[PDB]
Chemist: 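The structure follows.
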Amino acid sequence: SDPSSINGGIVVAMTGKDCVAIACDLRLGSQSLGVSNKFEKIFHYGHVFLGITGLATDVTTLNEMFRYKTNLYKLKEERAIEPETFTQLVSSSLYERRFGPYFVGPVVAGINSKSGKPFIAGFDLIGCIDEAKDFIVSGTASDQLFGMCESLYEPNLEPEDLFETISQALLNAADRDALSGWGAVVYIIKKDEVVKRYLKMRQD
Amino acid sequence: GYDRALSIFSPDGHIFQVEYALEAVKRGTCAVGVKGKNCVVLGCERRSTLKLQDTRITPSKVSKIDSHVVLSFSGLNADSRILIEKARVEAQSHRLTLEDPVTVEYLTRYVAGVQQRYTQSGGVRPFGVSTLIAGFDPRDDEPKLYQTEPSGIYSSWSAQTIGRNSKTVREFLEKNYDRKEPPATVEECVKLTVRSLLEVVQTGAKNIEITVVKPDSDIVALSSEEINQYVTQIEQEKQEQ
Amino acid sequence: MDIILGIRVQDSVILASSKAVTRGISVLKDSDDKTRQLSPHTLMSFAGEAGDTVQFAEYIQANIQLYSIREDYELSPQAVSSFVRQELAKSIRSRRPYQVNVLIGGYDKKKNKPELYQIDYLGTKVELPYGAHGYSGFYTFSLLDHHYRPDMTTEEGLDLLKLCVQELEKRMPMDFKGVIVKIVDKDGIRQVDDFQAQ
Amino acid sequence: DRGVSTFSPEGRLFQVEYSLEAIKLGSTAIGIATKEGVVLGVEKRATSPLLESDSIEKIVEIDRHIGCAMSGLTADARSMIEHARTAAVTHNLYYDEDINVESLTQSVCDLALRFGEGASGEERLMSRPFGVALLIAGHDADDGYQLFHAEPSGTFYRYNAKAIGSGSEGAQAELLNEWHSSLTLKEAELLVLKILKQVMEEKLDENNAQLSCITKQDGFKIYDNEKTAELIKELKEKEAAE
Amino acid sequence: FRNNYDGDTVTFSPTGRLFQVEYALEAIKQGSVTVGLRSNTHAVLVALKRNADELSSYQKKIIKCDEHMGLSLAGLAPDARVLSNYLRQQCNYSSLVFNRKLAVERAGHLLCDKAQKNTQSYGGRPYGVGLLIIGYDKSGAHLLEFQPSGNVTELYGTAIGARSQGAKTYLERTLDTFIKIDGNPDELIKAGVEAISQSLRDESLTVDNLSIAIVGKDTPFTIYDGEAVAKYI
Amino acid sequence: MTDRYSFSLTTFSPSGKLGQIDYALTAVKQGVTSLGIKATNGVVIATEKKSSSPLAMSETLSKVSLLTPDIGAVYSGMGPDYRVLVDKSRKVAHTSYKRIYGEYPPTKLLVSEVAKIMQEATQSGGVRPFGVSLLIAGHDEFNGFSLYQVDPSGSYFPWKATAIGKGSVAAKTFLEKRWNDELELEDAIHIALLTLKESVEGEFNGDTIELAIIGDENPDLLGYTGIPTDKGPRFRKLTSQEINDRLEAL
Amino acid sequence: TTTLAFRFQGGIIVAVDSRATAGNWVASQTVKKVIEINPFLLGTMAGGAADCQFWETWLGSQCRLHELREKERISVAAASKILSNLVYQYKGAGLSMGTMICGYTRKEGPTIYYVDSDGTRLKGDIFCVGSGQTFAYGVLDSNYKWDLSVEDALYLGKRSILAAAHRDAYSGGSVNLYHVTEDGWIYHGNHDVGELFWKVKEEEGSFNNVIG
Amino acid sequence: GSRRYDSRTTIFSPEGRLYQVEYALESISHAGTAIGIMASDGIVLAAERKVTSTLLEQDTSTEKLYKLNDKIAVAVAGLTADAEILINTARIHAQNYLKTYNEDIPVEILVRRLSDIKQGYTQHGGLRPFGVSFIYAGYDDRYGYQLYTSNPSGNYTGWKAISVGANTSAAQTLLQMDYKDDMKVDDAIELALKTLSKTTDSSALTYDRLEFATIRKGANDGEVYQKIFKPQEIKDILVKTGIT
Ligand SMILES: *C(=O)[C@]1([C@@H](O)[C@@H]2C=CCCC2)NC(=O)[C@H](CCO)[C@]1(C)O
């Protein structure tokens with residue numbers, strides 16, 4: 001019935017000292033039936049990252065759409081798109097379907113290549129932008145994520161520290177959600193490098 | 001919005017745009033087709049206004065419309081593509097609705113229709129193309145060879161040629177093709193074809209391509225050597241006299 | 001719904017699909033082949049709404065065959081599945097959506113590896129070692145989760161499926177009248193005419 | 001330039017008149033109507049000996065009770081035949097009966113003047129008139145056997161006999177003296193065969209000429225070569241007989 | 001001159017003429033003659049049918065538009081078909097919507113307007129046919145003459161086509177006479193045939209060559225051809 | 001009615017020339033001179049206000065227009081054509097960019113848009129090419145300052161400095177002598193004023209001259225305060241007075 | 001309604017009842033449930049009388065157009081797909097039809113296609129459609145043999161409709177029989193169920209439960 | 001009416017040639033020369049900038065070399081503005097293909113589509129054709145390195161080395177003289193510059209008048225890389241190849 005509770009899944013992004021982290025579970029189910037444990041919800045265009053929760057088919061479609069748009073962008077602008085600009089592109093793209101929206105909960109994360117300033121943002125299915133300075137949550141366990149984040153989070157964490165925090169937030173929220181879990185992946189992002197780590201969690 | 005009548009009648013009863021369309025065909029590289037007793041062969045000549053091409057990728061002159069039918073042409077290359085695409089689309093549609101692939105005459109009648117239509121529709125010029133379509137009707141072994149022209153007229157031939165110097169090569173075929181005993185072999189058929197082209201290609205091993213179409217989707221193109229070998233055996237027939 | 005199963009072993013993909021076609025109170029046919037060959041090395045099985053099912057399958061088949069002729073090339077299984085996913089993802093937001101679920105089994109001659117794709121009517125695509133649509137997964141996935149191995153032979157895959165079908169024939173309420181099985185490998189697509197008692 | 005639907009100072013439509021010129025250049029076609037049926041014959045006129053003559057289809061079936069022969073730019077006749085077959089079949093679906101020959105003809109002639117670059121009367125999307133004339137022959141319960149000549153002008157005339165194509169002025173003159181209200185189907189056949197032979201550049205044989213007829217009993221039939229060859233022989237004999 | 005201003009109907013000549021329209025009018029003159037005349041009880045149409053060969057038929061020149069209206073044509077037959085078909089619909093509309101038979105005068109106005117649109121716009125062409133419309137409506141018998149220029153006129157009688165001027169002078173003379181042939185169709189018809197023969201020259205009106213039509217008080221528009229016109233030859 | 005001109009009015013001649021583009025360029029040649037000079041920290045575009053009558057109010061006619069707060073344009077040729085090109089440019093900057101990315105387009109891209117509008121009037125049915133050449137100056141974060149010329153064909157090219165119209169040949173020559181890659185904005189303005197003097201026949205002052213620059217942000221021209229990231233437009237039209245002050249140091 | 005069609009050595013047997021009901025009202029006992037598409041093709045009608053009658057007649061018009069165009073007899077596969085594809089265009093609009101397209105071509109031999117308004121198209125040997133289908137299937141399934149004789153086949157079909165006419169309140173009236181051969185179909189009469197029942201009972205010994 | 005002013009851009013000449021196409025080609029023949037050379041390990045695209053000034057900004061300029069894909073690029077000869085229109089639609093077609101099949105578009109498929117668009121302006125619509133000729137340099141995993149060419153007519157062909165624009169006759173003869181199948185990207189780069197150098201209608205061949213690009217498969221990686229040389233990069237290679 002609710003397009004956003006069919007496939008399940010979660011995404012969470014956090015800002016730290018000269019870095020940002022975006023994490024997600026790997027589950028894809030059909031209500032109670034688990035179907036895939038390798039459905040990643042994080043994608044990237046250049047140095048900009050996008051995680052999408054919600055109806056899987058729309059998650060796939062949106063990624064393909066933004067890949068398409070960011071490619072043409074690079075060809076014309078002759079530069080990779082930035083976090084702030086991409087956020088605007090996401091918002092306007094979603095609102096364009098105001099009365100027949102994609103059932104998704106997007107999350108943007110990245111570092112501005114020119115200002116070095118960390119950036120994260122969330123959106124509702126029709127484009128409303130939420131530009132938090134701390135964290136952003138999305139998915140079937142978003143209430144749980146809000147709980148984890150509001151308590152675990154603190155400003156200016158170093159990459160190695162933010163990793164522990166974002167991971168514990170993700171993992172413990174997913175274990176209180178029937179439709180989330182079955183694997184997890186965390187992205188630690190810095191101006192120069194990006195590390196991707198798969199976590200070990202329950203498989204039930 | 002553009003709908004100017006470009007193809008109209010002139011006082012003497014002619015439609016010049018269709019007439020000039022033919023002139024573009026005369027200017028195209030020669031194409032020939034001859035049907036054997038159990039096959040059909042299509043030969044085309046290769047221009048030489050410029051040579052330094054990449055033969056692997058450069059578009060070939062014979063095109064498969066389906067697994068059992070091929071089409072060759074003389075005239076505007078860009079124009080032929082449009083007809084080929086439509087023909088290929090119509091071939092799949094036919095299979096989807098009738099649950100049987102097109103017969104060669106059906107596919108021919110379709111291409112011809114598209115051509116005729118472009119001679120009496122506003123805002124468009126006729127196709128500067130003429131085609132030779134050959135293959136075998138589904139579950140049939142009797143060879144088929146048809147020809148279409150800008151006007152939209154079509155018909156079947158035992159053997160036929162189109163393009164520049166087609167006048168010459170047609171004569172060759174008219175006094176070298178016996179309906180009583182058609183090239184009973186894939187080999188002697190391909191030979192008669194090469195022979196007719198040599199009357200106009202003027203020594204062109206790499207300027208002559210051949211494709212052999214047999215029953216049940218058995219279609220294959222010969223390599224330079226395979227053809228070059230035919231040429232060799234042919235120049236001897238002459239010298240040995 | 002009908003039984004649509006698929007398993008990807010070492011060098012091939014196997015699709016098993018129920019043969020029954022039930023309309024209301026009666027089983028109208030018990031020899032229905034719920035499959036369409038999209039290309040020499042790609043097979044698609046399907047289940048769903050009465051007429052949409054075959055209309056969609058044949059529509060996709062027509063498109064792939066047209067591409068093959070135009071390019072004188074066979075699209076990779078991955079390419080074919082993305083084309084199919086897009087078609088379904090368009091349909092889901094149209095006037096009357098195609099209510100069809102599919103399994104696409106293909107052997108990629110370039111990578112020399114078999115591939116199995118599961119796509120539901122919403123355009124939800126996932127690649128898997130084995131998959132199914134409907135309730136089929138509910139009875140068989142516990143068996144596949146147990147006995148599945150990436151290095152299985154085609155013969156081992158057929159034995160595992162046989163086990164799955166037996167579980168289905170024991171616990172499922174409906175009589176689906178057995179299944180037709182097809183193998184897709186480096187040499188093409190062939191049908192196991194002997195599964196009625198393998 | 002000048003509109004494709006312009007009137008000449010004489011009150012004629014240039015395109016239609018120029019169309020008639022193209023028809024004059026076409027192969028000959030003759031039709032003879034008798035109380036025993038209507039015969040329709042045409043000159044194949046292949047352009048090369050390598051052309052398989054039987055693939056020349058200048059005589060086509062519209063319905064079981066209507067057939068037709070063409071002359072001029074024959075490719076232009078395909079959509080006319082198509083429209084005709086559809087009109088006849090459609091009529092039957094709507095009325096559970098055969099469409100009258102005249103009705104079928106009037107329908108085809110309705111396409112005739114549907115050409116122009118934007119003529120204020122409807123939506124005549126067709127750049128030029130058809131460059132082919134047709135001989136529509138058939139039978140129906142109300143007016144029996146009939147032969148009609150449909151031109152690109154849109155007008156159609158009923159004839160007892162009629163010739164169109166390159167040898168029409170000549171052949172028509174012949175038909176004028178040869179036709180009478182009591183001709184038998186066989187007399188008509190030989191007669192068509194004879195006139196074709198007189199106006200054809202080539203020596204008429206069963207390969208460069210084709211016959212057909214339509215009778216209430218068996219409908220429209222195209223005579224296979226063997227059948228016509230014999231009729232050819234029978235004609236040579238009757239001529240040499242005096 | 002003319003040549004530079006007769007390329008299409010949307011162009012006026014320096015003298016204010018519309019040549020394409022005039023050329024269309026010429027197609028009428030080249031048409032076979034036809035006559036129309038009425039009394040106070042009936043209206044008659046007499047038309048000379050023309051044949052191609054002696055192996056051809058004599059093309060019909062009278063079309064019935066409704067039970068109380070019909071017309072005769074001279075010029076392009078297809079154009080007569082189009083115009084008469086439009087008239088059939090207009091009559092039909094009047095009946096279905098208002099349950100009223102269409103006034104002959106109104107039909108004339110509708111024809112005038114339909115023809116006019118094809119003389120002021122680019123792309124089209126004027127109609128190349130003349131029409132004589134007769135009918136019996138709520139105000140009696142009527143006869144109208146329609147010219148492709150769009151000009152329609154009501155008369156007691158008239159003629160159009162080749163040599164039509166003969167029949168027209170005859171009627172303009174026989175006026176006081178036939179206008180009083182009330183209650184006697186055969187007399188009105190004979191009068192019509194006498195007017196039409198005033199334009200003969202080539203031959204004489206035969207049985208399969210003469211075409212007559214009448215409408216009136218208690219007479220629904222009906223056509224007589226062949227044997228049925230013999231009693232008038 | 002109904003535009004029945006669905007065919008091109010600009011076609012290739014046997015020599016390969018595109019007549020209407022050529023003729024349009026000729027119209028541009030007769031136009032009043034206009035120029036642009038790029039400095040290290042700004043750009044200047046200027047032209048002469050050829051008042052067609054002393055009763056006319058030359059201020060009510062701007063030849064230099066703001067396209068975005070960081071991009072301006074000036075031209076040579078047909079004024080009315082320019083005016084509508086500016087309306088279309090200002091709008092396309094929004095519809096094809098600001099409403100998508102939430103920011104104004106970079107100079108080259110907006111220039112690319114204008115150029116497209118012009119190219120289309122060179123091929124679309126029923127129209128004639130625009131009889132103008134534009135000089136567009138602007139600034140954007142990732143490209144800094146830039147100057148572009150857009151011709152009737154739709155072609156555009158970046159310049160360090162250039163001139164178009166009447167005395168373009170002479171003016172371009174004078175610019176080649178005075179230009180260097182170390183010019184400061186004031187220097188460019190000065191050079192611009194000198195170059196324009198050679199082209200002006202009559203009066204030469206802040207009322208007969210129209211000049212604007214693309215330089216630093218003018219927070220005083222923003223209209224509001226409160227957003228640290230919004231510092232104001234870089235485009236600024238000089239005042240009659242500002243011009244004269246610089247004319248004394250001529 | 002009870003309609004059936006089956007394939008065998010001698011071609012195809014097509015049998016239908018002739019009752020029409022709207023609720024409990026017997027509108028007719030003499031309705032035609034077989035459409036003679038053309039001399040070689042037969043169509044059965046179940047569900048909506050208007051829908052079947054209309055589109056199957058239209059089918060004939062399309063078949064005829066095909067033969068004029070391709071100068072060759074249409075295949076059952078192609079004729080059935082024309083109807084199938086038409087019906088599919090209307091999916092959801094409310095058409096109601098259960099149909100069997102029957103023909104015998106040189107290329108295909110005896111062929112039967114089940115086509116319904118859901119868009120389903122199925123090739124098969126035996127099909128029964130209608131509120132009486134289950135009754136006919138029982139008789140058919142236990143007596144069908146590919147090697148039945150035309151005489152015996154005709155009877156099997158007639159008997160199967162009889163079984164259904166007896167138990168199904170919505171079936172009855174009479175039985176209309178057809179035999180389809182490559183040269184065309186042969187009508188095999190209208191058999192009133194009233195009389196047919198008593199006859200079959202006596203001669204066969206069946207329907208022992210009914211007092212006669 | 002309007003007919004009076006219709007040039008009829010899509011009709012045949014009595015000889016069966018397309019007026020507008022021929023005239024567009026004539027136009028192209030006066031455009032800066034562009035060259036394409038295909039090597040065993042890569043492809044080279046070189047073009048001469050027609051018309052230049054001291055004040056022309058060359059660092060921010062691009063009038064002949066455009067990136068269509070990450071694996072396909074083209075060299076332009078003709079009306080720049082017309083080229084941009086086609087370039088943009090080409091860029092979209094590539095993306096549509098990618099989204100549909102999740103695979104980069106094969107080089108020929110994209111070239112055929114663009115040529116088909118050109119062909120259209122040749123048979124209907126009553127509009128002037130695009131005064132543009134393209135040299136396509138791309139790579140795909142079915143045919144590897146490829147070099148194509150398309151002109152106003154909508155016809156396209158494959159090459160080992162080819163040129164478009166001015167003095168193609170002279171350029172082609174020179175290329176057909178020194179080209180060799182086993183060439184290497186570096187050999188090709190040199191051949192390209194030499195060829196332009198001998199066909200220039202200008203005094204000397206300086207860096208400010210050139211645009212250069214290469215599509216190589218950098219050994220230390222395994223993927224395909226497009227390099228549109230920067231002014232200084234061209235200046236460098238100009239000296240090395242001995243043209244200073
Ligand atoms: C059988 O299907 C049906 C018949 O009335 C029609 C009549 C003529 C041709 C098609 C079959 N259809 C119905 O809807 C009836 C039952 C309604 O409850 C009946 C009698 O079964």
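Worth knowing before you read on, the calculation uses all heavy atoms, side chains too, and leaves out hydrogens, waters and symmetry mates. Here is the naming used below: chain letters follow the sequence lines, and residue numbers restart at 1 for every chain.
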Chemist: Check each atom of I81(D) against the heavy atoms of chain G and say whether the ones under 4.5 Å are side chain, backbone, both or neither.
Modeler: neither

Chemist: For the CG atom of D218(D) and the NZ atom of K216(D), what is their distance to the nearest 0.5 Å?
Modeler: 12.5 Å

Chemist: Mark yes or no for whether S71(D), through its side chain, and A29(D), through its backbone, hold a donor-acceptor pair below 3.5 Å.
Modeler: no

Chemist: Would you say the ring centroid of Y145(D) lies under 6.0 angstrom from that of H139(D)?
Modeler: yes

Chemist: Scan chain D against chain G and return every donor-acceptor pair whose distance is under 3.5 Å.
Modeler:
from: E57(D); atom 1: OE1; to: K71(G); atom 2: NZ; distance (Å): 3.3
from: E57(D); atom 1: OE2; to: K71(G); atom 2: NZ; distance (Å): 3.1
from: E61(D); atom 1: OE2; to: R64(G); atom 2: NH2; distance (Å): 3.1
from: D63(D); atom 1: OD1; to: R64(G); atom 2: NH2; distance (Å): 3.1
from: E82(D); atom 1: OE1; to: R69(G); atom 2: NH1; distance (Å): 3.3
from: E82(D); atom 1: OE2; to: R69(G); atom 2: NH1; distance (Å): 2.6
from: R85(D); atom 1: NH1; to: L68(G); atom 2: O; distance (Å): 3.4
from: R85(D); atom 1: NH2; to: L68(G); atom 2: O; distance (Å): 3.4

Chemist: Taking the side chain as C-beta and beyond, is there a heavy-atom pair between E36(D) and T215(D) under 4.5 Å?
Modeler: no

Chemist: Looking only at side chains, do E189(D) and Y223(D) share a donor and an acceptor under 3.5 Å apart?
Modeler: yes

Chemist: We want to know whether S166(D) and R45(D) form a side-chain donor-acceptor pair, criterion being a heavy-atom distance below 3.5 angstrom.
Modeler: yes

